[PDB]
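Asks: Hey, dropping upload-v8.pdb in here, PDB, C-alpha atoms:
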MODEL        1
ATOM      1  CA  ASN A   1     -76.166  -6.154 -41.332  1.00  0.00           C
ATOM      2  CA  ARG A   2     -72.967  -4.671 -42.720  1.00  0.00           C
ATOM      3  CA  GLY A   3     -72.141  -4.018 -46.353  1.00  0.00           C
ATOM      4  CA  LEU A   4     -70.951  -6.796 -48.608  1.00  0.00           C
ATOM      5  CA  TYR A   5     -67.381  -5.479 -48.809  1.00  0.00           C
ATOM      6  CA  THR A   6     -67.003  -6.674 -45.228  1.00  0.00           C
ATOM      7  CA  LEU A   7     -69.190  -9.793 -45.424  1.00  0.00           C
ATOM      8  CA  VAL A   8     -67.147 -11.329 -48.228  1.00  0.00           C
ATOM      9  CA  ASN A   9     -64.095 -10.728 -46.046  1.00  0.00           C
ATOM     10  CA  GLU A  10     -65.995 -12.372 -43.184  1.00  0.00           C
ATOM     11  CA  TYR A  11     -67.757 -15.256 -44.950  1.00  0.00           C
ATOM     12  CA  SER A  12     -64.538 -16.953 -46.060  1.00  0.00           C
ATOM     13  CA  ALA A  13     -63.084 -17.413 -42.589  1.00  0.00           C
ATOM     14  CA  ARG A  14     -65.481 -17.538 -39.678  1.00  0.00           C
ATOM     15  CA  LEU A  15     -67.364 -20.296 -37.974  1.00  0.00           C
ATOM     16  CA  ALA A  16     -70.952 -20.615 -39.170  1.00  0.00           C
ATOM     17  CA  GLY A  17     -74.166 -20.424 -37.183  1.00  0.00           C
ATOM     18  CA  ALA A  18     -73.210 -23.650 -35.316  1.00  0.00           C
ATOM     19  CA  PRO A  19     -73.297 -26.166 -38.195  1.00  0.00           C
ATOM     20  CA  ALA A  20     -73.284 -29.949 -37.929  1.00  0.00           C
ATOM     21  CA  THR A  21     -70.553 -32.547 -38.419  1.00  0.00           C
ATOM     22  CA  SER A  22     -69.921 -35.737 -40.384  1.00  0.00           C
ATOM     23  CA  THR A  23     -68.683 -39.266 -39.568  1.00  0.00           C
ATOM     24  CA  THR A  24     -70.226 -39.349 -36.077  1.00  0.00           C
ATOM     25  CA  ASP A  25     -73.258 -41.558 -36.980  1.00  0.00           C
ATOM     26  CA  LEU A  26     -75.704 -38.808 -35.961  1.00  0.00           C
ATOM     27  CA  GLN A  27     -76.047 -35.051 -36.203  1.00  0.00           C
ATOM     28  CA  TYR A  28     -73.925 -33.492 -33.471  1.00  0.00           C
ATOM     29  CA  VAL A  29     -73.220 -29.805 -33.034  1.00  0.00           C
ATOM     30  CA  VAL A  30     -69.697 -28.740 -33.902  1.00  0.00           C
ATOM     31  CA  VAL A  31     -67.371 -27.836 -31.046  1.00  0.00           C
ATOM     32  CA  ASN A  32     -63.946 -28.256 -32.672  1.00  0.00           C
ATOM     33  CA  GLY A  33     -62.161 -25.587 -34.641  1.00  0.00           C
ATOM     34  CA  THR A  34     -59.185 -27.629 -35.829  1.00  0.00           C
ATOM     35  CA  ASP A  35     -60.440 -30.073 -38.394  1.00  0.00           C
ATOM     36  CA  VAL A  36     -63.817 -28.865 -39.607  1.00  0.00           C
ATOM     37  CA  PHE A  37     -63.746 -27.782 -43.242  1.00  0.00           C
ATOM     38  CA  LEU A  38     -67.282 -26.929 -44.298  1.00  0.00           C
ATOM     39  CA  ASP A  39     -68.630 -23.637 -45.651  1.00  0.00           C
ATOM     40  CA  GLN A  40     -72.327 -23.611 -45.973  1.00  0.00           C
ATOM     41  CA  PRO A  41     -74.040 -21.281 -48.457  1.00  0.00           C
ATOM     42  CA  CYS A  42     -77.396 -21.259 -46.690  1.00  0.00           C
ATOM     43  CA  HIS A  43     -76.547 -18.004 -44.865  1.00  0.00           C
ATOM     44  CA  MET A  44     -75.732 -15.231 -47.346  1.00  0.00           C
ATOM     45  CA  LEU A  45     -78.638 -16.504 -49.408  1.00  0.00           C
ATOM     46  CA  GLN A  46     -80.664 -17.237 -46.238  1.00  0.00           C
ATOM     47  CA  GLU A  47     -82.781 -19.939 -47.886  1.00  0.00           C
ATOM     48  CA  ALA A  48     -83.708 -23.634 -47.850  1.00  0.00           C
ATOM     49  CA  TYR A  49     -83.675 -25.601 -51.114  1.00  0.00           C
TER      50      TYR A  49
ATOM     51  CA  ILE B   1     -47.523 -32.674 -40.360  1.00  0.00           C
ATOM     52  CA  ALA B   2     -46.994 -30.274 -37.499  1.00  0.00           C
ATOM     53  CA  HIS B   3     -49.551 -27.478 -37.774  1.00  0.00           C
ATOM     54  CA  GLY B   4     -50.713 -24.644 -35.563  1.00  0.00           C
ATOM     55  CA  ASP B   5     -54.078 -25.426 -34.005  1.00  0.00           C
ATOM     56  CA  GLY B   6     -55.493 -26.866 -30.792  1.00  0.00           C
ATOM     57  CA  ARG B   7     -55.078 -30.417 -32.029  1.00  0.00           C
ATOM     58  CA  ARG B   8     -52.706 -32.638 -30.093  1.00  0.00           C
ATOM     59  CA  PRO B   9     -49.709 -32.745 -32.450  1.00  0.00           C
ATOM     60  CA  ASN B  10     -48.605 -36.236 -33.329  1.00  0.00           C
ATOM     61  CA  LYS B  11     -45.451 -38.019 -32.264  1.00  0.00           C
ATOM     62  CA  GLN B  12     -43.317 -40.169 -34.527  1.00  0.00           C
ATOM     63  CA  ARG B  13     -45.133 -43.281 -35.696  1.00  0.00           C
ATOM     64  CA  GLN B  14     -43.770 -46.684 -36.474  1.00  0.00           C
ATOM     65  CA  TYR B  15     -44.513 -50.044 -38.085  1.00  0.00           C
ATOM     66  CA  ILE B  16     -43.161 -53.563 -38.088  1.00  0.00           C
ATOM     67  CA  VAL B  17     -44.410 -55.793 -40.919  1.00  0.00           C
ATOM     68  CA  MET B  18     -44.106 -59.575 -40.848  1.00  0.00           C
ATOM     69  CA  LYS B  19     -44.424 -61.792 -43.927  1.00  0.00           C
ATOM     70  CA  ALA B  20     -44.134 -65.541 -44.401  1.00  0.00           C
ATOM     71  CA  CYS B  21     -43.911 -68.199 -47.103  1.00  0.00           C
ATOM     72  CA  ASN B  22     -46.195 -70.823 -48.574  1.00  0.00           C
ATOM     73  CA  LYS B  23     -45.692 -74.297 -49.995  1.00  0.00           C
ATOM     74  CA  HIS B  24     -47.035 -75.786 -53.220  1.00  0.00           C
ATOM     75  CA  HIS B  25     -46.609 -79.474 -54.045  1.00  0.00           C
ATOM     76  CA  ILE B  26     -46.491 -80.705 -57.633  1.00  0.00           C
ATOM     77  CA  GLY B  27     -47.194 -84.354 -58.404  1.00  0.00           C
ATOM     78  CA  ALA B  28     -46.026 -85.559 -61.821  1.00  0.00           C
ATOM     79  CA  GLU B  29     -46.623 -89.116 -62.979  1.00  0.00           C
ATOM     80  CA  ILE B  30     -45.148 -91.600 -65.479  1.00  0.00           C
ATOM     81  CA  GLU B  31     -45.808 -95.248 -66.194  1.00  0.00           C
ATOM     82  CA  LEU B  32     -43.436 -97.628 -67.957  1.00  0.00           C
ATOM     83  CA  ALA B  33     -44.281-101.122 -69.132  1.00  0.00           C
ATOM     84  CA  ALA B  34     -42.282-104.264 -68.418  1.00  0.00           C
ATOM     85  CA  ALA B  35     -41.405-105.045 -72.035  1.00  0.00           C
ATOM     86  CA  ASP B  36     -39.798-101.614 -72.107  1.00  0.00           C
ATOM     87  CA  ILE B  37     -37.630-102.603 -69.147  1.00  0.00           C
ATOM     88  CA  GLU B  38     -36.537-106.079 -70.245  1.00  0.00           C
ATOM     89  CA  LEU B  39     -35.223-105.477 -73.753  1.00  0.00           C
ATOM     90  CA  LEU B  40     -33.292-102.417 -72.624  1.00  0.00           C
ATOM     91  CA  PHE B  41     -30.411-104.824 -71.885  1.00  0.00           C
ATOM     92  CA  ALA B  42     -30.485-107.592 -74.564  1.00  0.00           C
ATOM     93  CA  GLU B  43     -28.075-107.182 -77.439  1.00  0.00           C
ATOM     94  CA  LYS B  44     -26.581-108.138 -80.796  1.00  0.00           C
ATOM     95  CA  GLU B  45     -28.909-111.031 -81.684  1.00  0.00           C
ATOM     96  CA  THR B  46     -30.235-110.076 -85.130  1.00  0.00           C
ATOM     97  CA  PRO B  47     -31.003-107.001 -87.252  1.00  0.00           C
ATOM     98  CA  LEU B  48     -34.538-107.420 -85.898  1.00  0.00           C
ATOM     99  CA  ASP B  49     -33.190-106.770 -82.386  1.00  0.00           C
TER     100      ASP B  49
ENDMDL
END
Write out the structure in this file as structure tokens.
Replies:
Amino acid sequence: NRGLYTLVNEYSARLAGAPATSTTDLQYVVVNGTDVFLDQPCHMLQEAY
Amino acid sequence: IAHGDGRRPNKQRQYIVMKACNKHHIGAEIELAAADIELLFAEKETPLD
């Protein structure tokens, strides 16, 4: 809801809207915060290609 | 690496590596005829000797 001069501060650091993981042979919800690297761009755009 | 998250940090690790040898035969072959062997020792008889 907030302006973009806080979202761009926020988008580069936070956890997503509960994204999925790799390597685990299925799609499991993330629970870790240590390893997971991903940043998905399907939020700020709010779309589906 | 020792980093600063909720991961179990890792102790010192260690390896012991164990090599060996091989063997490789070589079989080399020569024949020699009998008329080679006999006149190796006869002497002096003529300039045709």
Asks: Within 9 Å of residue 40 (chain A), counting all atoms listed in the file, which residues show up once you throw out same-chain ones fewer than 2 positions away? Write them as a VMD selection string, please.
Replies: chain A and resid 16 19 38 42 to 43
Asks: Please identify all residues of chain A having at least one atom at most 9 Å from any atom of chain B, considering all atoms listed in the file, and return them as JSON, numbers by chain.
Replies: {"A": [32, 33, 34, 35]}
Asks: On this structure, which residues satisfy the PyMOL selection byres ((chain A and resi 30) around 9), written as a PyMOL selection string?
Replies: chain A and resi 18-21+28-29+31-33+36
Asks: What does the distance between CA of residue 27 (chain A) and CA of residue 10 (chain A) come to in Å, to one decimal place?
Replies: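 Answer for the CA of residue 27 (chain A) to CA of residue 10 (chain A) separation: 25.8 Å.
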Asks: By how many Å are CA of residue 37 (chain A) and CA of residue 12 (chain A) apart?
Replies: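 CA of residue 12 (chain A) lies 11.2 Å from CA of residue 37 (chain A).
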Asks: Mind pulling up the distance from CA of residue 39 (chain A) to CA of residue 17 (chain A)?
Replies: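 Atom-to-atom, CA of residue 17 (chain A) and CA of residue 39 (chain A) are spaced 10.6 Å apart.
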Asks: Please determine an axis-aligned box that encloses all atoms of region 28-47 of chain B listed in the file, with 3 Å added on each side, and express its centre and edge lengths in Å to one decimal as lines of an AutoDock Vina configuration file.
Replies:
center_x = -36.6
center_y = -98.3
center_z = -74.5
size_x = 26.0
size_y = 31.5
size_z = 31.4
